[PDB]
Amino acid sequence: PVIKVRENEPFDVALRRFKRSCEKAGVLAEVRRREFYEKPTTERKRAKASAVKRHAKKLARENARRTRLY
Amino acid sequence: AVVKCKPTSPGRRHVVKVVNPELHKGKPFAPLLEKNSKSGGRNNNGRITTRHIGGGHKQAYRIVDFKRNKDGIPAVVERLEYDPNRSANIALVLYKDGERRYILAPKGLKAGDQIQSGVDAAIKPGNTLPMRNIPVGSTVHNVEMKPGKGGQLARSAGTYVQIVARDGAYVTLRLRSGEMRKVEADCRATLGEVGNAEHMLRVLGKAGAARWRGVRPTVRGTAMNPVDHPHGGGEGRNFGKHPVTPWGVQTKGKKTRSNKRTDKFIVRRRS
Amino acid sequence: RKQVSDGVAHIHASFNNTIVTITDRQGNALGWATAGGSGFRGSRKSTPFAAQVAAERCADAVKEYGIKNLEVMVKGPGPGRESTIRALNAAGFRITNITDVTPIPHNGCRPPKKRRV
Amino acid sequence: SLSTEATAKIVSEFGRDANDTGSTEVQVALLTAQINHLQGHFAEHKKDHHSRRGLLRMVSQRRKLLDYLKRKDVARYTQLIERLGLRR
Amino acid sequence: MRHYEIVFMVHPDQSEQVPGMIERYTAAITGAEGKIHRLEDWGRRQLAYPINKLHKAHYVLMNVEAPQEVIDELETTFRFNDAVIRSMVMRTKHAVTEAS
Amino acid sequence: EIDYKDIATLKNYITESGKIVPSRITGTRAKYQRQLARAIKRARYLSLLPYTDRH
RNA sequence: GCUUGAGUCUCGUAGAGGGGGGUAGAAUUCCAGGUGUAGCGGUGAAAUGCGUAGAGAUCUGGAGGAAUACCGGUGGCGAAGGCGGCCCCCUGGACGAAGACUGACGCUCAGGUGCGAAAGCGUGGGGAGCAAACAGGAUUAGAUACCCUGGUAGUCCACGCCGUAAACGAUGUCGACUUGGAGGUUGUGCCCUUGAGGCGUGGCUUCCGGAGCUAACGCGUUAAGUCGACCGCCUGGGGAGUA
RNA sequence: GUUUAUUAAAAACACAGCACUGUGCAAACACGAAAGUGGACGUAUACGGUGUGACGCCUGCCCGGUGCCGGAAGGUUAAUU
Ligand SMILES: [Mg+2]
Ligand SMILES: [Mg+2]
Ligand SMILES: [Mg+2]
Ligand SMILES: [Mg+2]
Ligand SMILES: [Mg+2]
Ligand SMILES: [Mg+2]
Ligand SMILES: [Mg+2]
Ligand SMILES: [Mg+2]
Ligand SMILES: [Mg+2]
Ligand SMILES: [Mg+2]
Ligand SMILES: [Mg+2]
Ligand SMILES: [Mg+2]
Ligand SMILES: [Mg+2]
Ligand SMILES: [Mg+2]
Ligand SMILES: [Mg+2]
Ligand SMILES: [Mg+2]
Ligand SMILES: [Mg+2]
Ligand SMILES: [Mg+2]
Ligand SMILES: [Mg+2]
Ligand SMILES: [Mg+2]
């Protein structure tokens, strides 16, 4: 991630661009991913759980929006 | 190929042979032969200078062209034949002008292949060019230490030299031993590895096999008396000494190289 | 002595310690300061505050060079990732560009095994 | 698989006409044409097991087709094998 | 006898030899009954990343149709020619002659 | 169909740091994304596109 | 005899299918040198360890190995195991379009043969990272562990052997039949200007559900529903997949 | 297979195999005041030294001591001045 700051740009907005540009690239998330080895079985299992959660989340949300609570 | 002998008798159970059907079954090239006599480890004083040498089968030396100065004349490999004088085989080549010579057989060479020597030769195995014109990172064998002196490196059965760097007038070579050495770019080298890479897989199998090739038995220093060897004797099997050579020099670790002349060319030692 | 006007600041943010170093555009180190050596040990150095203090000590270590322009190089995660950079404002230092240089391998080397805590 | 031009020769050489492609003779000849051609492939690609699995299918199909010809017409079967130089 | 797409970058100091190399390479294929379907000299261009401490390279395009051996034997020449760096070849099913 | 030499269009599907934008964002079809990726990787090798912003 | 099962041919399509070779970038480690100075690293805390013989940090150059970020997706391919940079050579299979051809050539399969993760073994290489064993420092009543700093085999390549996994969908293979809804992926016909459209027709695939089935949980056109062909296997627990 | 010719033929020596270590070629090493010679008309799949001793399953822990290897900032230290 690269950000170029001019002479007239106040630091507050310039600083936030780093927090919004680098974080968008996922540097803080990618680095944590390679800190320790997730064994290939773990990768498939966690990805499988995420996929189930992603699909189940929409199913759960869609049904709830059509169901009254009070 | 490697063949394991069937255990039809002791001394034949453990014998492993290297059989090359491509080798010529007939007599060698007579005009390129000469007589070399066994010395038995004796120098001009008659004293045993090096031990464990003696006997063995009679051998006839064959002039092997280690220089390869025939430039611009293509040659064809007539045949591959056994060489008793070295681990590698020798390929008989015929220059189209009518001259025959012996060269070390590269890895993939076979009868009828095209080989050329010179500065403008193609980049193929068996071709000899100065390392100035040879691309870096290419495997070569039979490298000369000095221009025009003849190859002296990577001559064994499966040995080879890797050209790693080329800086100015010197080329740094990764020798088979693992040490890096500097040689002039004008020295010649032969592309490709040396043939008969299976020479290391053979097993002599029996004591007589070593004797056939002129290797006399080696006697341990422990079994010696104190007068003969520093390891000496002792009632029973006693050692109680730092291992040394029969002339008292410490062995098993002691560095021995003391050549201050050419340590400039040794960029890095083997280990 | 050299009186360089433009410099380069390297932030080696890490989960344990934060190292702040100031170097010219050519990468020749001028001065450095670290959280561990700033009176913080153990859990103390790990906090973001230790990162900002280390930045302050870095400014004094290079005030004799009289540098004005700075390049903030940031590597690795840690609470000192953002605290240290903001500390340069307390010193009034001027910067020209900010970039992320955290190593991101394309697989390759074997990462160490997980810790069964 | 097999070159289109090479396939054309076999269908005409072994088939009744240039349009009869389903005849048991052309199928056996076509399978034999590919089977022997793969000797060079497996001469040096010895561990290429996955494609060898397809080769054994060709061998099995050829065996099945030949047995069918034997039950239908023995005389016609004999001519096919001698011309193709198989069943050794 | 298939369609091929060849791209090769040469040392900028050798920008004066590129017309010569094109003729030699084109001659080799045409001698084997091949034919060139597209030729384009892209000029010196800025490199995305440095190669061997070098930042500018001369780009050319060469889409050809020739037998296996001539390209195979052409690859080996590409290897030892120090002027050319990082050449690529590709397989295509139909000849293409576009400006691109 | 997508050509690696069609370099003008490639930045529309890569970020500043050289990331390849996922299909979920760009909305490209699955088939085109596969060939698009091959084109991008092909261009990067020829130094036409950068692998990353650091070199 | 016949053409609907099965198969052949022509034209195309997608794909980490496989084997061989080459090459590219990021990163770690190591080596050399420059800037620079007292810490670095690590943990819940700490120590062992590394460092004034100049570490760590930072820059330049070089050597070498291994794996391919983003793309990337209950996405794709393969009989299974399994297979992810890019490029070339050799090659298996699947699928669609219409047309032609052969004319039951089919299904299953004891024994048999082949393939078969990881670990392991044999020989010869290679070895950056990681890491059984091992060593030390912690923790604890003890700690032959969990944690930390090091670290060998191994992990990699060539060829052979081993033939075992929760080798799982805990569900043998083939064929027919039986209400649906929402997606993914890959072909194809038609309507076409009212397209980042509209209606059909195939392959593979994910999720939820009807009848029915089931001890229940659940399965549910990809059946664990309704049938047919063939094979494998089970007969209380332990002893024992042991002698 | 070898050995105390002339009281010991053996479990001793050798042995193929294995391992460590030295050696980049004017190689190490060895015989020579030296020239030179062998190793070798060989070139690390080579050669020397050492221990073990086919093959099979294996070869654990300790570097304080002695030796060897590497570094060497510092202390001490010869001729010379
Ligand atoms: Mg000897
Ligand atoms: Mg011996
Ligand atoms: Mg005795
Ligand atoms: Mg005793
Ligand atoms: Mg750690
Ligand atoms: Mg077929
Ligand atoms: Mg069976
Ligand atoms: Mg394994
Ligand atoms: Mg092994
Ligand atoms: Mg550990
Ligand atoms: Mg089982
Ligand atoms: Mg599995
Ligand atoms: Mg499963
Ligand atoms: Mg089962
Ligand atoms: Mg259901
Ligand atoms: Mg048993
Ligand atoms: Mg006697
Ligand atoms: Mg007697
Ligand atoms: Mg003994
Ligand atoms: Mg021991």
Side-chain angles (χ1 to χ4, degrees), chain A residues 30 48 51-52 55, chain B residues 14 36 39 41-45 47 49-50 61 85-87 145 152-153 155-159 175-177 179 181 197 199-201 203-207 209-210 217 219-223 242-243 245 250-257 266, chain C residues 10 12 16-17 19 21 23 26-32 34 36-37 42-43 103-113 115-117, chain D residues 7 11 19-24 26-27 30 41 45 47-51 53-55 64-65 68, chain E residues 88-91, chain F residues 18-20 22-23 27 30-31 33 37 40-42 44-45 51-52:
Chain A
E30 188 65 49
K48 170 55 57 34
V52 167
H55 190 279
Chain B
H14 287 321
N36 78 325
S39 68
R42 278 77 167 164
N43 76 336
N44 59 341
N45 282 134
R47 297 280 185 88
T49 278
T50 197
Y61 188 66
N85 282 108
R86 63 194 79 256
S87 58
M145 292 270 198
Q152 303 180 258
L153 307 170
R155 315 229 300 239
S156 269
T159 41
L175 301 186
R176 190 75 180 81
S177 71
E179 150 207 304
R181 183 148 202 304
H199 172 276
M200 80 187 311
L201 302 177
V203 173
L204 305 192
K206 69 174 185 171
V219 182
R220 282 143 44 239
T222 296
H242 297 101
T245 84
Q250 203 269 0
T251 200
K252 202 168 319 289
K254 183 151 198 352
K255 303 296 186 62
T256 279
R257 177 209 169 93
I266 310 269
Chain C
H10 289 255
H12 185 314
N16 302 312
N17 171 354
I19 283 144
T21 85
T23 174
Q26 300 48 243
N28 308 134
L30 309 146
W32 59 266
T34 165
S43 58
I104 281 274
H106 300 6
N107 320 46
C109 283
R110 193 34 181 298
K113 70 135 169 291
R115 42 198 278 111
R116 259 90 44 65
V117 288
Chain D
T7 301
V11 86
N19 270 7
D20 156 41
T21 88
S23 152
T24 309
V26 48
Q27 311 210 12
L30 277 185
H41 188 331
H45 282 148
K47 302 191 190 133
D48 191 1
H49 298 300
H50 268 102
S51 42
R53 174 173 158 92
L55 172 87
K64 292 181 169 180
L65 284 171
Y68 172 67
Chain E
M88 147 179 305
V89 315
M90 296 223 49
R91 255 289 284 286
Chain F
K19 285 311 157 196
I20 303 174
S23 328
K31 177 174 109 133
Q33 184 97 42
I40 299 208
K41 307 195 212 274
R42 250 177 245 131
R44 299 211 255 227
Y45 163 81
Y51 277 113
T52 165

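Heavy-atom basis, side chains included; hydrogens, waters and symmetry copies ignored. A note on names: the letters A, B, ... follow the listed sequences, proteins ahead of strands, and every chain is numbered from 1.
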Asker: Could you tell me how far G:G7 sits from G:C174 if I compare only their P atoms? Round to whole Å.
Answerer: 13 Å
Asker: Which way is the base of G:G183 turned, syn or anti, if we draw the line at 90° from 0?
Answerer: anti
Asker: In whole angstrom, give me the gap between the P atoms of G:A215 and G:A224.
Answerer: 16 Å
Asker: Is any side-chain N or O of B:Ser177 under 3.5 Å from a base N or O of H:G24, one able to act as donor and the other as acceptor?
Answerer: yes
Asker: Can a side chain N or O of B:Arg47 be found less than 4.0 Å away from OP1 or OP2 on H:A30?
Answerer: no
Asker: Report yes if a donor N or O on one partner sits less than 3.5 Å from an acceptor N or O on the other, where the partners are the side chain of B:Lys252 and the base of H:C20; otherwise report no.
Answerer: yes
Asker: Rounding to the closest angstrom, what is the interatomic distance between G:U60 and G:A158 at atom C1'?
Answerer: 38 Å
Asker: Among H:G39, H:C41, G:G44, find the nucleotide with the atom closest to the side chain of C:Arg115.
Answerer: G:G44
Asker: Where do C:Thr23 and C:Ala29 come nearest, in terms of heavy atoms and distance?
Answerer: OG1-N, 3.5 Å
Asker: Using 0.5 Å steps for rounding, measure from the OG1 atom of F:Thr52 to the CD1 atom of C:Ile104.
Answerer: 9.0 Å
Asker: Got B:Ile266 and B:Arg257 here, is their nearest side-chain heavy-atom distance under 4.5 Å?
Answerer: yes
Asker: Side chain of C:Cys109 only, heavy atoms from C-beta on: which candidate in H:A44, G:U102, G:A128 is closest?
Answerer: G:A128
Asker: I'd like to compare against my own output: the B/S/- annotation of nucleotides 82-100 of chain G with a strict under-4.0 Å heavy-atom distance to protein.
Answerer: ---SSSSSBSSSS-----B
Asker: Do G:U35 and G:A57 make a Watson-Crick or G-U wobble pair, both distances under 3.5 Å?
Answerer: yes
Asker: Of all the nucleotides listed (H:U37, H:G24, G:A69), which has the minimum atom distance to the side chain of B:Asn43?
Answerer: H:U37
Asker: For the nucleotides G:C31 and G:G61, establish whether a Watson-Crick or G-U wobble pair is present, both distances being less than 3.5 Å.
Answerer: yes
Asker: Does H:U7 sit syn or anti, given that only angles within 90° of 0 count as syn?
Answerer: anti
Asker: When syn is taken as a glycosidic angle within 90 degrees of 0, is G:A223 syn or anti?
Answerer: syn
Asker: For G:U155 and G:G129, is it a pair or not, if I count Watson-Crick and G-U wobble only and require both distances under 3.5 Å?
Answerer: yes
Asker: Check the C1'-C2'-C3'-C4' sign on H:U43 and let me know if the sugar comes out north or south.
Answerer: south
Asker: Looking at the side chain of F:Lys19, which of G:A69, H:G70, G:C59 is the nearest nucleotide?
Answerer: G:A69
Asker: Kindly compute the distance separating NE2 (D:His50) from CG (D:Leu55), expressed to the nearest 0.5 Å.
Answerer: 14.5 Å
Asker: So if I take every side-chain heavy atom of F:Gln33 and compare against G:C71, H:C68, H:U45, which nucleotide ends up nearest?
Answerer: G:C71
Asker: Which part of the nucleic acid does B:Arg155 contact within heavy-atom distance under 4.0 Å: base, sugar-phosphate only, or nothing?
Answerer: base
Asker: To the nearest 0.5 Å, what is the distance between CZ on F:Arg42 and CE on E:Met90?
Answerer: 4.0 Å
